[PDB]
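This report refers to the structure that appears directly beneath it.
4 protein chains.
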Amino acid sequence: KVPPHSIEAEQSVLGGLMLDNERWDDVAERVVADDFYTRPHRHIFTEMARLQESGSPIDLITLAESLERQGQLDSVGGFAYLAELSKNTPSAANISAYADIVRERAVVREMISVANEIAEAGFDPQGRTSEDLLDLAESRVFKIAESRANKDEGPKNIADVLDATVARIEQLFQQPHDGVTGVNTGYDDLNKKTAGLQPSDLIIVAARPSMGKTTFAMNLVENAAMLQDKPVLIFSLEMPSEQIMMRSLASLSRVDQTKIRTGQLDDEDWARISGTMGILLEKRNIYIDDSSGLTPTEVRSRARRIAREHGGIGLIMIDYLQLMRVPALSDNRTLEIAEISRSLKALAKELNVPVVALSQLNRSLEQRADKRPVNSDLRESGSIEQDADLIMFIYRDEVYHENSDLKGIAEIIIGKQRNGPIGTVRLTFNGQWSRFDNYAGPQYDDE
Amino acid sequence: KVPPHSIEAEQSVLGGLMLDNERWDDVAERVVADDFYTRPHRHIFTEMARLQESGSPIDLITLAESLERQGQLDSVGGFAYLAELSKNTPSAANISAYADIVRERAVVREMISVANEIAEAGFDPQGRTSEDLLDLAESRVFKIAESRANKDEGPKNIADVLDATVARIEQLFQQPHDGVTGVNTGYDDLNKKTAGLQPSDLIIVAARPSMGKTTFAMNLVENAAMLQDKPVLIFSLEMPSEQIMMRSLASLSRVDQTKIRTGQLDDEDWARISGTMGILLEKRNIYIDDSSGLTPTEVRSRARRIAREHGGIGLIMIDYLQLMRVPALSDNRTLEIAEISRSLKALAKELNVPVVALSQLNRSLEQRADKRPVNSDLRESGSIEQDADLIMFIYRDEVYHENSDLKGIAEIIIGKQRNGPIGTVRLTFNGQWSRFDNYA
Amino acid sequence: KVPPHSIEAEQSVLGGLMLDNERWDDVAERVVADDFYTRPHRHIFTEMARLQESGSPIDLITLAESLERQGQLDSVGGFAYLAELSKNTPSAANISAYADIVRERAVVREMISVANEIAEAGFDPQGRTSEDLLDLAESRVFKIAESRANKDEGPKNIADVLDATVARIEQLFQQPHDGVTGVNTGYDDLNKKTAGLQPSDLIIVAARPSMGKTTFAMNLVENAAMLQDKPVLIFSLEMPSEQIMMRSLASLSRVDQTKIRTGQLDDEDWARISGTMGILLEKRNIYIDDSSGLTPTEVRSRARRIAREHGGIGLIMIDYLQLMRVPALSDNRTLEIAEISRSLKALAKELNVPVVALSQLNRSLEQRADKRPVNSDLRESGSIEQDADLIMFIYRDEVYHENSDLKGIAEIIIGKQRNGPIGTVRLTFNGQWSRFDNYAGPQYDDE
Amino acid sequence: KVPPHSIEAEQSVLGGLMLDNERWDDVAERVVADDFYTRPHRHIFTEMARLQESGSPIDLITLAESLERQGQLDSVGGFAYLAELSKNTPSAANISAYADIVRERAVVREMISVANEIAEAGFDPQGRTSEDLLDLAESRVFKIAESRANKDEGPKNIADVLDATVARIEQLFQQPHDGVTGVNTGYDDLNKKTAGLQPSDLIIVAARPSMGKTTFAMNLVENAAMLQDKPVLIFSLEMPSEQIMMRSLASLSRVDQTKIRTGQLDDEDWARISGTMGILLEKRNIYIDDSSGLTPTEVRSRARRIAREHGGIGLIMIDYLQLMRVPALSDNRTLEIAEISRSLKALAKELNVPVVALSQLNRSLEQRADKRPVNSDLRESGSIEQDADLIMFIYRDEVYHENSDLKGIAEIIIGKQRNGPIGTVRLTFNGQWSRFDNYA
DNA sequence: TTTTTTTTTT
Ligand SMILES: Nc1ncnc2c1ncn2[C@@H]1O[C@H](COP(=O)(O)OP(=O)(O)NP(=O)(O)O)[C@@H](O)[C@H]1O
Ligand SMILES: Nc1ncnc2c1ncn2[C@@H]1O[C@H](COP(=O)(O)OP(=O)(O)NP(=O)(O)O)[C@@H](O)[C@H]1O
Ligand SMILES: Nc1ncnc2c1ncn2[C@@H]1O[C@H](COP(=O)(O)OP(=O)(O)NP(=O)(O)O)[C@@H](O)[C@H]1O
Ligand SMILES: [Mg+2]
Ligand SMILES: [Mg+2]
Ligand SMILES: [Mg+2]
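Chains as they are written, first to last, in our numbering: chain E, 17 to 463; chain S, 55 to 494; chain D, 17 to 463; chain G, 55 to 494.
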């Protein structure tokens, strides 16, 4: 058969090197002359490397002279072939991608050649035992993996991790500057464990229905918007934006939401709401999309659109994940949830922004005597625990027990925190204003 | 005939995508791969989408390589075809218009195909009745409408929401509704917490059997009909309309239901019932559908019919959700529950009408020592808690405990209330009259 | 293609109208002249409508004269064609079904024509937008539905229900009753609360094993048979019919069942049994089927057969519901029970007959200290509670407690009564005679 | 090409099975029906297996009758072919060697087929990445190696048990190991009782994560590394590399972890950290490879991979053993933990490494009245009470009791210990630096 | 996912 190769990518790389010499470093880091399929291409890249190591700039005339001095001008195709290669390449903007393609082709060809050698050894043992052939095959595959050892790698070795250790110590010397390392949550206790909303983090705040989960998420959004100027993006899939705005005005102005909903408001609270609206129009960093049944592709497109138009996005609010709908994986809810979580994590890593993705719980919580939520108590759990890093659960024993002494005290229990120890953050909930504040009472030592 | 297509617009879109990658978002929002008439164009757009999702820029060489890796380079026409497509397109200034034309052609061809399928079903009944074919055609046309309704989406600025909110607040402040924002329940305490039956709300009042749940729902219906002129629509799937009317007459005239059911009534109560009938004929806003095993689509069609004919609908009553039948998801009951709840919520949002749908409970409530209902006590809740916003539960400790001091006292406990606090409303129940009144 | 039409049905309708004029109203309500496929048939029906509106009877000669006066006799086919149409039709008994068929064909042809119009509009946009075409298609399909909406509808009016209710009230008030409006139970206290066995009611009397459950059901059956002449239908799923008849003779003649079982009976009780058999042969209204593992479809077919043969059914006795077998829902018992209960309630509403179906209880009742049955004690509860209306439970503290003073006293406690207050009716049970009788002892005040 | 096969050896094996039924066990252990090159030979061996499992002796006539009953007599070549096969074989003395040759041929053909599959995957990527192809090839070679396994169980003879027992007695008596026998644990009480970190052992410490258990395993890793240069491996599923590094620096340098995490600039702690990392660089055997969500078979494969890389594993640190949750067994964790423990013991015996795991217990450790880790506090008891060879339980009464009865005498209670006296091992812990010391 | 009903055991 024909070995898998991309001659066009090689020609594009050679033309870009003939035009641009600053991107030679990326090519040298990525590929070598052996990655070139044709032996003339290997000779051309070898001459280019020799000229660049000598400090000579990479152009057509000097390369032609260098090939003529070594006599390789006729071996590579002549000066007309080099001129054609220089002519064909428009630009070297995507020469890194071309080099990646060439490296992939070289890896596949090396794998095919190794497979041919292994099959030849299998057909003709030549006195080698089965264990000998197995070890030879393992060594060959490990050598193929070792060819990209600096590319495919994970945690580092002792010396390199010690250099990373001293570098991180020098970095964390600068850490006591504000205490909050990410987006400020507005809560002192929350900014101690989590140290604020870290970028590229999946924040899963899950609670029972009518537990203030949307309310606390809105409070977090308000605190972030007052503590930053980067625009936020809200996807209120469950509730309309009218109720969201009513909750925001009740929380910020500390006025009863019932009176706002009935509209029976005095002029003093009206002036407070007007001042809050003036502050919001000063900010104008909030964008709410109340459409329901949206795919993660649409959300990603809108997020990229806003980031392009408004210069990045401060916060992404999602109104609970089981409302999100994918037509492709609508057959199975768990597959749909896993796909949604994976796409949202990819988007969060893409734009480097903490995404507020709420979630619901299961009915096994009420079955348990202790109604403190766990990771397995999550509605369609599993992949959610895998993809997320900042999972939290709202607990209100006042709701479950009428005689509970934790009235107003809402406990945010961290289920998963990859970077930092988990814990229980107590907060003071005001149902009238729907306001979550820092718990100013006596601190409880978690047993 | 030749299907209506604009291949030149497709070529212009593909060439503009090859030239410009910044307007890729507009093309992705407008059209998909299936909108392309020719299958090679579908493959080309699929490869472009795969490359752009990976972050790779859209150029000729990378696209050709990507098609070569999957072996689809020869399927789409070869690299020369791609080079020709890149050469032909001058610019991508009007690529949005070309994509709109392509989407229009695709939707028109979809409509033509649906019409052909409808004609085929008409010529070949395959044992289906005319109603089945009509409902299938309605479903197909609704699907085509949903395919076009996705354009009206997009995040909005905070200022517009603020203006709408303050306008609504001023409207509520000017109107002296005296707390009751929605449809008046007829109960003062219920008009304090819920502030009346708000439009586009899914009200789930679930209770145990023989708890007056249907009776209390009928009392709510009577109160709404007396306190409004907008016509109501009743779907009495479980109980016959005759029993519903007897319960209504017993409740409104405050006469014993047993005496009315036996017919042993004096002429004074007869005159009271006659006056009640005169008031009802003065209103004539009540329409009861005692049919059972109904799909939500039939309910939606009848609701739209009555709303257009009678100028909107004040209230939509459902006689307990597990009686409803969906043949599509009849294999699993929870799928039926989720579909019914979603369809009812969508219908309530559509016609802006409060819908009161009853439900049943589970035996786990009986297992608990305290028999106060919770959200998990719902009979296959699932998305019931998520979609609904005005869930209430009826509690009568007099039934469970003979020595209970809550005789006549019915506790309507709000399981879920998104806007406002939840609580327990005490009411006075008259078994003889089957009358729910405010507790004193 | 050929449009879907039934010329034979049209010819049958025309011949029936030529023969029968009393069923013209059904045809006019069902179909119009436009529903006829062929234009001559439209002309014929138009002429028939014109003659009937004028009051002229619909016969061959007058119709021929009317067509001759308008000159349409040649257009419809001639007098010989009309004579052939009159000849071919045997009878007009099924002319309503024929008109329904013609209406169906007309609706299908209308749908096909509308689909053709929509396809033509799709092929030629004529400058219309896709929204315009969608609205036009919706309008056309809704016009088809509205043409099909000119029939019996679900929500009719409140006035019709009011008239039916007041007619029922007048019917019940003009008849002097003894507090019984349904089938008389034969027990005075039961006739106070339940007011007799009401038709279209699912009566569930459930108890423990033994406990005289089938015995009490048979006592109710005997009382109903003695107090009415409408035939009753028993499905003795559990017990053989021989033992059923032995228990019936023991209860009715007040003789010990054990002596009848042994056959050692005196001539006086023999004469009493002979007189009871003479009374039964005077009645001859009870029809018993002892077949087991029956589907509800077979039961419904047999019930319809008996009602057609013997002019309705007075009462339907079902001997214990878990004996009923459905092959389709044999996988899950609860689904099978729900389907059986739904089918039985549909049958009871269909024929307007009281159906007393027996059932069993759960062992959790024995787990409780107080062994008074509740709704949840029902075996495979839920749908049983929902579909039924007259649920009762048998309680015998004499069985549970040897020192109980309720010996002979059986408490029938109403668990569910949709219309009326529930209670506890105590009866006198005779184990020797196996006879349930009205309470001759002190009636205890229920708390 | 012609696949490498030895039909003559197959004929010899089949004829020997026809002659001798006593050596059927050797052939059944060695080869299967799939190892036969020709499908008729596979059918013949399948019929032989079916006859011998039924207890019927394997002869020509019964085999032919069974093949005729299944209709396979004509497919394999007829009765004359079977008679020829029986005639050809002289004896069954060397049938073991012939079966070994047949197994070798089958394994070589399997390797050739796998190589052909890999070459096909290389020629046709089908959208898969090169990493996917490499992982698939490694999986295929590992499957070949796993299929190249042999007998693992068997009732041992009394002589072998006596030899092992007397060897154990001589080890306990004659050897003057003076406490430590394997890798030095560091804790003096663990040095005496557990006799060091014995290679090919299963040491599972059952406690709460970030509650002294993580720093206990960290101190174990440190003490093991300070006395040997054998490459140790890190598999922490609880904390990242940076946080584990901070914990290790705080433990070794005796510096408060608040200063380690929150930067308190001073040169004394910096000098202690510099000395600690100098000692670590002197050891030069800490290879970080911590991840999450794995299985012990994957851990064994990575152990083989590291042995290919360097060779020899000093210690593997499994932090948060309850982070490998399989959703099938996530609810009842006992069976999953038992299977993980058995596979970890198999891995420990495989590469001679003292596999140490950090099992997570329940919240009842802080809730139950019995604050010590007993079956209620253990995760559904079961695999935490048994199975594991060294099940240590960290009764840190500091966390469980606010007024602790164990401050510096926190009990490392050993439920089961193969070598050493069980009991409550009271040890000192420094909460400031997260450092576990050794109480006398 | 949901939802019933049985034993065992802690
Ligand atoms: N005016 C008010 N007075 C008192 N409590 C109120 C008022 N308005 C709202 N609440 C409470 O605030 C909470 C509303 O929380 P909310 O965030 O809307 O629930 P939710 O988490 O979004 N529901 P879900 O999405 O199904 O989980 C409830 O506990 C209400 O009782
Ligand atoms: N005339 C009457 N006298 C006394 N009590 C009565 C009378 N009529 C009805 N009741 C009681 O009032 C309640 C009415 O029951 P009902 O309205 O059917 O509740 P329900 O929820 O609709 N039953 P279900 O459909 O199974 O859930 C029951 O508790 C009856 O026992
Ligand atoms: N001669 C007798 N003397 C006393 N008790 C008797 C006599 N004959 C029958 N019984 C009682 O009659 C009862 C049987 O009633 P029956 O109605 O058949 O129960 P059942 O319906 O068969 N229960 P089940 O089998 O679960 O459906 C038992 O309690 C017997 O003790
Ligand atoms: Mg919410
Ligand atoms: Mg009801
Ligand atoms: Mg019985």
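The beta carbon of each residue, even a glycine, is placed where N, CA and C say it ideally should be.
{"Query": "Neighbour flag for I134 (chain E) against chain G, beta carbons, 8 angstroms", "Result": "yes"}
{"Query": "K55 (chain G) - partner residues in DSSP beta bridges", "Result": "BP columns for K55 (chain G) are empty, so no partner."}
{"Query": "Coil, strand or helix - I112 (chain G) by DSSP", "Result": "coil"}
{"Query": "Short Cβ contact (8 angstroms threshold) for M102 (chain S) with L73 (chain S)", "Result": "no"}
{"Query": "Residues surrounding ligand 4 [beta-carbon distance to nearest heavy atom under 7 angstroms]", "Result": "E:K229, E:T230, E:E254, E:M255, E:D335, E:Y336 and E:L374"}
{"Query": "Status (buried if at least 16 other CB within 10 Å, exposed otherwise) for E100 (chain D)", "Result": "exposed"}
{"Query": "Proximal residues, the segment 166–195 of chain G versus chain S, C-beta separation under 7 angstroms", "Result": "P179 and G181"}
{"Query": "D305 (chain E) at chain S interface by Cβ criterion, 8 angstroms", "Result": "yes"}
{"Query": "Nearest-angstrom Cα separation, counted from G294 (chain D) out to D305 (chain D)", "Result": "21 angstroms"}
{"Query": "Chain D contact for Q414 (chain S) (CB, 8 angstroms cutoff)", "Result": "yes"}
{"Query": "Closer than 7 angstroms: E276 (chain S) CB and nearest ligand 2 heavy atom", "Result": "no"}
{"Query": "Distance cut-off 7 angstroms: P225 (chain D) Cβ against heavy atoms of ligand 3", "Result": "yes"}
{"Query": "Closer than 7 angstroms: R434 (chain D) CB and nearest ligand 2 heavy atom", "Result": "yes"}
{"Query": "Cβ-based burial, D140 (chain D) [other Cβ within 10 Å; buried from 16]", "Result": "exposed"}
{"Query": "Extent of the continuous alpha helix (DSSP H) run through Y152 (chain S)", "Result": "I149 to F177"}
{"Query": "Cβ-Cβ separation, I429 (chain E) to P389 (chain E) (assumed contact under 8 angstroms), whole Å", "Result": "7 angstroms"}
{"Query": "Per-residue DSSP class, three states only, for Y493 (chain G)", "Result": "coil"}
{"Query": "Pick from E:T278, E:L297, E:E298 and E:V271 that is closest to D285 (chain E), judged by C-alpha positions", "Result": "E:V271"}
{"Query": "Nearest residue (CA-CA) to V43 (chain D), options D:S70, D:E401, D:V29 and D:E81", "Result": "D:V29"}
{"Query": "DSSP beta-bridge partners of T478 (chain S)", "Result": "S:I467"}
{"Query": "8 angstroms Cβ cutoff, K208 (chain E) in contact with chain G", "Result": "no"}
{"Query": "Simplified DSSP assignment, three categories, for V182 (chain E)", "Result": "helix"}
{"Query": "CB contact flag (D441 (chain G), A400 (chain G), <8 angstroms)", "Result": "no"}
{"Query": "Per DSSP, cross-strand counterpart(s) of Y303 (chain E)", "Result": "E:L249 and S:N211"}
{"Query": "Segment limits, alpha helix (DSSP H) that includes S28 (chain E)", "Result": "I23 to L35"}
{"Query": "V415 (chain D), enclosing alpha helix (DSSP H) - first and last residue", "Result": "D413 to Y416"}
{"Query": "Assigned exposure category for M242 (chain D) - 16 Cβ within 10 Å defines buried", "Result": "exposed"}
{"Query": "Through-space distance from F158 (chain D) to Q86 (chain D), alpha-carbon basis", "Result": "37 angstroms"}
{"Query": "Sequence ranges, alpha helix (DSSP H) only - wholly within the segment 353–394 of chain D, length at least 4", "Result": "380–383"}
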